[PDB]
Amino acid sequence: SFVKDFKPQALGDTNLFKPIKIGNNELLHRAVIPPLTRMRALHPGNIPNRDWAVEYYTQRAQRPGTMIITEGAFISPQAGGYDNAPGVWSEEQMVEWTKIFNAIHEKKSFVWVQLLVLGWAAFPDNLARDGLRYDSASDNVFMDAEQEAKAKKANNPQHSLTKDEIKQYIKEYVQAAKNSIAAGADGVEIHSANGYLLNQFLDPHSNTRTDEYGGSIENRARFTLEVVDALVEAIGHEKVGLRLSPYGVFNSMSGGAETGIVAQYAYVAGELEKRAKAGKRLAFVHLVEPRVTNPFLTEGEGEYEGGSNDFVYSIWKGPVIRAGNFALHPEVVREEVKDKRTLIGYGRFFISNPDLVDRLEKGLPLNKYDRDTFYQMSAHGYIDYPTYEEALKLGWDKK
């Protein structure tokens, strides 16, 4: 069905429908598919779904010139811990990714691989089964009681990374980025948001380290920036973006309750701008808005009103993608895109609307999403959401 009480607005008369170049890609509009974990990869081997993933991405690539960021993809076994999320370290994975990238490109759209390392958000028992560590910045602060207890029961207590282990992750990010480009991706996004490993280093709640990787703003940012630099060197700044969620609380990050949080993220933005001014400007910075501090919560819940991401624009002077409860708020998007370097990521409603871009241009009703199938091993709720035309044929204008 369509979302019941939504009053759509046509956004075709806004900068959402003006072209923009991101990295090497000439986008034809500024509605971006942000990374969306869907848990259809198959075990063993974290293989992108051999039956459905091509079709899923093909559907969502249908508007020419769309930028798609993939679901988070693990850079190595040690970076993982969800059996049904994909990786980008093996030949068998890349065979499937190549098909996905080719399909997106045949629709004249673009694809950026999000590179994911879980840290304390991983399942410690899956890691133990596979002989892998359960990693984070620290060893004395935990995501939650259940994770701590699972790790202990698995004889895999949370481990504070050594400097050598950090270097090994950086090597894996580099190789994963290389693999992505070689298989045909247009670029990569470094996931430093939503409480995953890099964010666990950025945040003073999760990072209690006293070495060069914690204990100050500069030190907490060090791992993220080392990954940025390593990828810029390996595949070029024009093929690298970075995702941040300054106000996020998902995965037990601090959010605005931490009075130093804006400074921490302002420092990162400043370091990116310094690199840009020195000739190595990232393709984009992707920000999760305080509009959504926790994406498990229905739109309108978990909104933090005590902060804005606008500070980033005073610092970083390149493209900015913003995501968080924008599909139901065309009035907010209409104002944000007046800034000429702002793109809008639409997450949950791109799950349920493969033709979302047409619907945004033309002010059409939106398909309601089905949260129950966000992570199910099924084509249902993955590749069977209708286009607007198909929905009319199903009678959804009268449901």
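When you see a residue number, it is the position in the sequence shown, counting from 1.
*Asks:* Comparing 229-237 with 125-133, which has the greater mean CA B-factor as deposited?
*Replies:* Result: 125-133.
*Asks:* Higher mean Cα B-factor in the deposited model: 322-330 or 296-304?
*Replies:* Stretch with the greater average CA B-factor: 296-304.
*Asks:* From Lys163, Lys317, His191, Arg220, pick the one with the largest CA B-factor in the entry?
*Replies:* Checking the PDB record, the top C-alpha B-factor among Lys163, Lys317, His191, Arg220 is at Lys163.
*Asks:* Between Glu148, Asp203, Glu71, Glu289, let me know which has the highest C-alpha B-factor in the entry?
*Replies:* Among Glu148, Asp203, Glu71, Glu289, the PDB entry lists the largest C-alpha B-factor for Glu148.
*Asks:* Ordered by C-alpha B-factor within the chain, which third holds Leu364? Give me lowest, middle or highest, please.
*Replies:* Highest third - that is where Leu364 ends up once the chain's C-alpha B-factors are sorted.
*Asks:* Select lowest, middle or highest to describe the third in which the CA B-factor of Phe250 falls within its chain in this entry.
*Replies:* Middle third, going by the recorded CA B-factors of the chain.
*Asks:* What third of the chain does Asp310 rank in for C-alpha temperature factor, lowest, middle or highest?
*Replies:* For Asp310, whose C-alpha B-factor we compare with every modelled residue in the chain, the answer is the middle third.
*Asks:* For the chain shown, is the CA B-factor of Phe142 in the lowest, middle or highest third of its modelled residues?
*Replies:* It belongs to the highest third of the chain when residues are ordered by C-alpha B-factor.
*Asks:* Per the entry's values, where does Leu28 land by CA temperature factor relative to the rest of its chain, in the lowest, middle or highest third?
*Replies:* Its C-alpha B-factor, which the entry lists for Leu28, ranks in the middle third among residues of this chain.
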